[PDB]
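First the structure, in the form of structure tokens, and then the observations on it.
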Ligand SMILES: [Cl-]
Ligand SMILES: [Cl-]
Ligand SMILES: [Cl-]
Ligand SMILES: [Cl-]
Ligand SMILES: [Cl-]
Ligand SMILES: [Cl-]
């Protein structure tokens, strides 16, 4: 990885702020002959914000709806007293002025959420490739908003059965909260409304599952699958934590119960595991089981409220309430988490298949 | 990053298993003229396991105790019925046979903990550079073992004061548990003994703090500081999760309280933050505040107990108890977490200082 | 480097064919605060082909004519019986069908010269940075066209004095041939006309000089300055060779005469060399002397003539004369060679200055 | 590429000077299950200098003579009035003091030829893989020493027949000159002896051929096959130029004669080319034809003669004759050129085969 480039063999270099001309990316290394038009890319992008404004336009790498193998440029055109007096608390205004000596006049620029358009646009190509590869299914959903949280205990049979069956269509059918639990979601809609009248913001947690992942993906010792996934998710805006499998709470379970015993699958074709506390990754390598992980998103710093903060000139004052912002943007990161997971998987799949070729010729 | 290479400008490529000849690494990009002998590298390595067996030997890149700027090779010499009948549950035996078609005859090989010698050896060079840079202090400690956990609430004043003052000497003075809390540590020594007689294993959580980190470190949008740190920690053996700042529990705090207001430091030289819920990183860039994070380590799969597992031939059987293993290896990852954090920081510091030069000439 | 990405710290990822929507690049790692508009980028682009068709449009990374430090997207909009019967001899038609299984319907696509727009657009930013850095001057010119060649003997005093004084304005004042030698150029215009009536094509050689290059640039052992420059030039379309300094002909000179003795500069500030047979690079590191090199460009495969070739179906036939092409496109590569040299230099300069910082703190 | 790391998927990170403890490398990404012991690696290393001193010792990545897929460490142990008064002319003494502020006390250190041990050790693994892949044959030989040069005209039928048949065994049977031409070699042995009595040094040119290279290798637009090969060869010590195919002299041939027509092979299985002026690469992609290239090596700077040079203190003086050095070291670079070519090819082969998998699933 390097700066605004993600991936090794399937690479995506992104660009763009909010108050510039356009935002997009360049996907390098896509396999040739893949059916690819803007219809394969808009649905995930059109899931980012729920005229059609944010519309992609493929710039290269395709001909007659099929990829050539050359870089694929994609873009969404940019429609776009207190400013620069205080750095907004818990925003990247001050760190940008320290690192770059200059920030965007407003809106935060590159640190904001508009940059993720390149992520989602590239992840749509990766998603289609993984479906052709092994029918990989990547579904994310909101499992927690503030104190209201799903029962995502990895040992709970009901939660594990949800991870095995949850689809992207079901997540979006429950409304904008994108929580598949009806009881928890109703508790969620009451807490986002409470923070809405309070002119506040609240954080959340996104849980995502990867099904039918090919075995053998991951590049120890540093580019392990769960390490590249953590790298991918923790690079998202406002993310504060990442865990997979049994996660943090699994450390309380002894090895006699935490260990995943092996068994030959009931369909009788492969060795599977009885339990999936490992989260589908063992020694940094996928074993074909379900890969599930949760990502913590902090509460939005931009609150519709007054704050006592010091200026850049560093004098104590009151940052006036801007007063126009939604209190829970965590469900808007569900497609970005899905897109980020697909980029990692297709990169590890191509690297591993290169080893599978070499393993076949030196044998 | 790529496979067994970590870093961009300060790069370390590692190698080595347990049952091979040697284990070590090659550090590429170290600044010339740094006082460097094996005495700068052994202490952290000699903290990995608590004749002197694991002794490093610098192979190149130095002359008269000073670095030349060329690659620095370093090594520790390798002193080293049921085997290959079953893949050990929750171990990397099966995934290695699927990805590579072959595993080490025993001991797990590259997936085990011996590979981390290259990490610690390289991290010792990075640690010394960061001390010369801005007197950076990297201290890690065990904050949780199973159900026994420290009160690491990021809003707790006492815990924040511990992160501001805890030293590596104090962590090792409390014994092998490496928990600075005397009440919690005594509860820890009773739970590791309980799992010891039970012939079981238990997981834990390592908390680490970075002090005096230079402002401006981190490379958005993908190589953000907290993203490279998560990548670094989640690539370690047995790690199941990573969080920094307010982490997962911070998502329950509204923005009005979670936001970190700014203020001019009491020593009067810089703009600081009143609270540090951001964890010293904002928009993927360090702001000079304390960087604290916790890493979850699963319970060891190698238990001194019997397990019901299926063979590679995939027939149900009993994996006999090996019966010789310690039930809590989490405190052995404290120096590896410290070494992993130093490698990330020195890489981001060199990249950022290259931008600081360019910022000074185009101005 | 990786596929369509060039550079380490100053990175450029390009994209685009001829028959697609647009062609351009993403420049990652540009220092913030640099005065940058399309006026800094069009002149070199407007030198590629000598309404204004090929006009760049900055997409991001700038605000109020200054760079922010974020990625900089740039683009030129694409205005754009025998086809697919034969692969055109010495073209990339057949290799594309073998590697990708598909080629562009016509025009060669990514293998053609339109891809170099991203190179030139990015090289313009690198050129301006190197001018602010140490007043670096990069001038290229045509020194050979077929059998007509300049007397570019590196030991010739007149040729060395030309390399020390030749400017980009003087190269373009002599006409489209871009050969600074008036006698040789008149011999050149007579040989391109001879091959024009013959409906043929002819190759050439481009010589380029870099002046005021900062000392210390280059990353041994693989990313040496002359190695990155060779990599940069040999990646251009139709290039068949690269040499620098004394080059191939210098191998005939014994070390007693080929060696460059040192001497303290006449301006009295630095140690210089009496002769420059090394070409300004020694051990892969720039010494501040003039860096001069020549690049061989083959004769264009697309000739306005008939050729006997086998089909994809592989039957002997006659490829009809297309009859519309210029016989000498070597002078059109002068700005691309300049742009390619600037990209290498600014990358090595930023890496080296990162080491100069580290050298200053560990001292 | 990065500093002392070469390759993308098949990566080699080298280390080591002359006056250090050891020299070697770490090969990352080797396919598992390859028969590999020191006997596969010593022959090319034992061809570098023609007790057994320079003996490799595999440190990791193998078990029972087969590779595991983990990094492979390899090493050769280091047996090792005028010094530091003058920087030796045309040596890297001065540039090292400017870039690093320090050089090795003597011998040049990392800039010398001892670093190439890691290249040859890694190239031996790549060579064996390419033989299993498509029976790739890499043979290099000395074609020129000073003014004495072979008739390596690419259009000459006899020279092309030599490239098609020359073997590594035949090159070493003619003696240490490693020139397959008996008439030219006898003219070579007379010119190296002339410069030997003169206490001088002379340069040379190494020509290398790659046979049976798989079609489709090369990663446009920057990592084209001939670009990675030029990068690989120009990173070698003392190299001053690189050309492939028709090279520089081919620019004098019009396209009507320079173009390579296609034809279906006489063995009747594939489309081949009648002539090979392209050098087996077209558009940066291998077409399966012979890949031949020449590399220019300058005359050794270390001459057994007196030189007038300025000090580091920069006062005119006489550098005394060291008087112990061989006048023609170009034949010692034949195995290094072969090893360097194998590293490039196996990297491009693995990347391309990853695309061949992706091409097979999206189809
Ligand atoms: Cl890269
Ligand atoms: Cl947006
Ligand atoms: Cl790399
Ligand atoms: Cl160990
Ligand atoms: Cl064009
Ligand atoms: Cl040697």
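Protein chains in written order, with our numbering: chain A, 47 to 409; chain B, 47 to 409; chain C, 47 to 409; chain D, 47 to 409. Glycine residues also receive a C-beta, built at the ideal position from the N, C-alpha and C atoms.
Could one say the Cβ of residue 307 of chain B lies closer than 8 Å to chain A's Cβ atoms, at least one of them?
Start at 1 with the first residue of the second chain, and residue 307 of chain B comes out as number 261. With 8 Å as the cut-off, residue 307 of chain B counts as an interface residue toward chain A.
**Asked** Which two residues bound the contiguous beta strand (DSSP E) that contains residue 25 of chain D?
**Response** This structure cannot settle anything about residue 25 of chain D, because the visible part of chain D is limited to 47 through 409.
Open item on the list: Determine whether the beta carbon atoms of residue 350 of chain C and residue 370 of chain C lie at a separation below 8 Å.
Closed with: Taking the third chain and counting its residues from 1, one reaches residue 350 of chain C at position 304. Taking the third chain and counting its residues from 1, one reaches residue 370 of chain C at position 324. Contact check for residue 350 of chain C against residue 370 of chain C passes: the beta carbons are separated by less than 8 Å.
Can residue 339 of chain C and residue 225 of chain C be called in contact, C-beta distance under 8 Å?
-> Taking the first residue of the third chain as position 1, residue 339 of chain C is located at position 293. Taking the first residue of the third chain as position 1, residue 225 of chain C is located at position 179. No, Cβ-Cβ distance for residue 339 of chain C and residue 225 of chain C is not below 8 Å.
Q.
For ligand 3, is there any heavy atom lying closer than 7 Å to the beta carbon of residue 51 of chain D?
A. As a working note, residue 51 of chain D is residue 5 in the fourth chain. Checking the Cβ of residue 51 of chain D against ligand 3 gives yes.
(message) Can you tell me where the alpha helix (DSSP H) holding residue 178 of chain C begins and where it ends?
(response) The sequence position of residue 178 of chain C within the third chain is 132, counting from 1. Where residue 178 of chain C is concerned, the enclosing alpha helix (DSSP H) stretches over 162-180.
Mind checking who residue 121 of chain D pairs with in its DSSP beta bridge?
-> As a position in the fourth chain, residue 121 of chain D is number 75, starting the count at 1. Its beta-bridge partners are D:70 and D:103.
(message) At 3 residues or longer, what runs of the beta strand (DSSP E) sit wholly inside the region 299-337 of chain A?
(response) 308-310 and 317-319
* **With 16 other Cβ atoms within 10 Å as the buried cut-off, status of residue 482 of chain B** => Because chain B here runs from 47 to 409, residue 482 of chain B falls outside it and cannot be looked at.
| said: Can you pull the chain B neighbours of residue 77 of chain C, defined as C-beta to C-beta under 7 Å? | reply: As a first step, residue 77 of chain C is located in the third chain; it is residue number 31 there, counting from the start. The contacting residues are 401, 404, 405 and 408.
Discussion item. Less than 7 Å separating the Cβ of residue 48 of chain A from some heavy atom of ligand 7?
Written reply: Among the ligands present in this structure, namely ligand 1, ligand 2, ligand 3, ligand 4, ligand 5 and ligand 6, ligand 7 is not found.
- Message: Do residue 336 of chain D and residue 214 of chain D count as a contact pair if the criterion is CB distance below 8 Å?
- Response: Here residue 214 of chain D corresponds to residue number 168 of the fourth chain, with the count starting at 1. Here residue 336 of chain D corresponds to residue number 290 of the fourth chain, with the count starting at 1. Contact: no.
*Examine ligand 5 and report whether any of its heavy atoms sits within less than 7 Å of the Cβ of residue 167 of chain C.*
Here residue 167 of chain C corresponds to residue number 121 of the third chain, with the count starting at 1. No - ligand 5 has no heavy atom lying nearer than 7 Å to the Cβ of residue 167 of chain C.
Q) The alpha helix (DSSP H) with residue 186 of chain C in it runs from where to where? A) Position 140 of the third chain, counting from 1, holds the residue named residue 186 of chain C. Segment 183-191 is the beta strand (DSSP E) holding residue 186 of chain C; no alpha helix (DSSP H) there.
* Asked: Beta carbon of residue 375 of chain D, beta carbon of residue 346 of chain D: below 8 Å?
  -> Start at 1 with the first residue of the fourth chain, and residue 375 of chain D comes out as number 329. Start at 1 with the first residue of the fourth chain, and residue 346 of chain D comes out as number 300. Yes, these two residues count as a Cβ contact at 8 Å.
Check: Under the rule that 16 or more other beta-carbon atoms within 10 Å means buried, what is residue 141 of chain A, buried or exposed?
Finding: Residue numbering aside, residue 141 of chain A sits at position 95 when the first chain is read from its first letter. That one is buried.
Q. What does residue 57 of chain C touch in chain A if you count any residue whose Cβ is under 9 Å from its own?
A. Translated into positions along the third chain, residue 57 of chain C becomes position 11. What residue 57 of chain C touches in chain A: 48, 49, 50, 51 and 59.
Residue 70 of chain A CB to nearest chain D CB: under 8 Å? On the first chain, position 24 is the one that residue 70 of chain A refers to. False, the Cβ-Cβ gap to chain D never drops below 8 Å.
_Own chain, CB closer than 8 Å to residue 289 of chain A, minus 5 neighbours either side, in chain order_ = One-based indexing of the first chain puts residue 289 of chain A at position 243. So the qualifying residues of the chain are 339 and 340.
* Asked: residue 112 of chain A touches chain C at which residues, Cβ-Cβ below 9 Å?
  -> Locating residue 112 of chain A in the first chain gives position 66, where the first residue counts as 1. Here the neighbours are 148.
Exercise. Which chain A residues sit within Cβ distance under 9 Å of residue 420 of chain D?
Worked result: Absent from the structure is residue 420 of chain D, since the part of chain D shown begins at 47 and ends at 409.
Checklist entry - Among A:116, A:84 and A:243, which residue has its Cα nearest to the Cα of residue 70 of chain C? => result Looking up residue 70 of chain C in the third chain gives position 24. For residue 70 of chain C, the nearest C-alpha among the options comes from A:116.
Beta bridge counterpart(s) of residue 250 of chain B as assigned by DSSP
Counted from its first residue, the second chain places residue 250 of chain B at position 204. B:191 and B:343.
Please state the DSSP three-state secondary structure of residue 290 of chain D.
Start at 1 with the first residue of the fourth chain, and residue 290 of chain D comes out as number 244. In the structure shown, residue 290 of chain D sits in a strand (DSSP, three-state: E or B).
Practice task
Measure the beta-carbon distance from residue 195 of chain D to residue 251 of chain D and round it to whole angstroms, keeping in mind my assumption that it falls under 8 Å.
Solution key: For this step, residue 195 of chain D is matched to residue 149 along the fourth chain. For this step, residue 251 of chain D is matched to residue 205 along the fourth chain. About 7 Å; that satisfies the 8 Å criterion.
Next on the checklist: Please report the straight-line C-alpha distance between residue 109 of chain A and residue 66 of chain C, rounded to a whole angstrom.
Outcome noted: Residue 109 of chain A sits at position 63 when you count from the first residue of the first chain. Residue 66 of chain C sits at position 20 when you count from the first residue of the third chain. Approximately 8 Å, taken between the alpha carbons.
message = Given this structure, state the Cα-to-Cα distance separating residue 236 of chain B from residue 95 of chain B, to the nearest angstrom.
response = Indexing the second chain from 1 puts residue 236 of chain B at position 190. Indexing the second chain from 1 puts residue 95 of chain B at position 49. About 21 Å.
Would you list, in chain order, the members of the region 167-180 of chain B that have their beta-carbon closer than 9 Å to a beta-carbon of chain C?
174, 175, 178, 179 and 180
task = Just the chain C side, please: which residues come within less than 7 Å of residue 74 of chain A by C-beta, in chain order?
result = To locate residue 74 of chain A, count along the first chain from 1; it is residue 28. Those are 49, 50, 51 and 59, listed as they occur along chain C.
Reducing DSSP to helix, strand and coil, say where residue 141 of chain A ends up.
Within the first chain, the letter at position 95 stands for residue 141 of chain A. Correct three-state label for residue 141 of chain A: helix.
Quick one: does the C-beta of residue 159 of chain D sit closer than 7 Å to a heavy atom of ligand 6?
As a first step, residue 159 of chain D is located in the fourth chain; it is residue number 113 there, counting from the start. With a cut-off of 7 Å, the C-beta of residue 159 of chain D is classified as near ligand 6, since at least one heavy atom of the ligand falls inside that distance.
- Query: By the criterion of Cβ-Cβ separation under 8 Å, what are the contact partners of residue 397 of chain A in chain D?
  - Reply: Here residue 397 of chain A refers to the residue found at position 351 when the first chain is read from its first residue. What residue 397 of chain A touches in chain D: 55 and 400.
Would you say residue 80 of chain A reaches chain D, if we count a Cβ-Cβ gap shorter than 8 Å as a contact?
-> Within the first chain, the letter at position 34 stands for residue 80 of chain A. Proximity of residue 80 of chain A to chain D, defined by a Cβ-Cβ separation below 8 Å, is satisfied.
- Option nearest residue 291 of chain C by Cα separation, candidates C:267, C:324, C:314 and C:303: For the purposes of this step, residue 291 of chain C is taken as residue 245 along the third chain, with counting starting at 1. Nearest C-alpha to residue 291 of chain C: C:324.
For a contact defined as C-beta to C-beta under 8 Å, what are the partners of residue 246 of chain C on chain D? Walking along the third chain from the start, residue 246 of chain C turns up at place 200. What residue 246 of chain C touches in chain D: 300, 301 and 302.
Report the neighbours of residue 193 of chain C on chain A: residues whose CB is nearer than 8 Å to its CB, in chain order. In the third chain, residue 193 of chain C corresponds to position 147, counting from 1. Within chain A, no residue comes near residue 193 of chain C; the closest Cβ sits about 36 Å away, beyond 8 Å.
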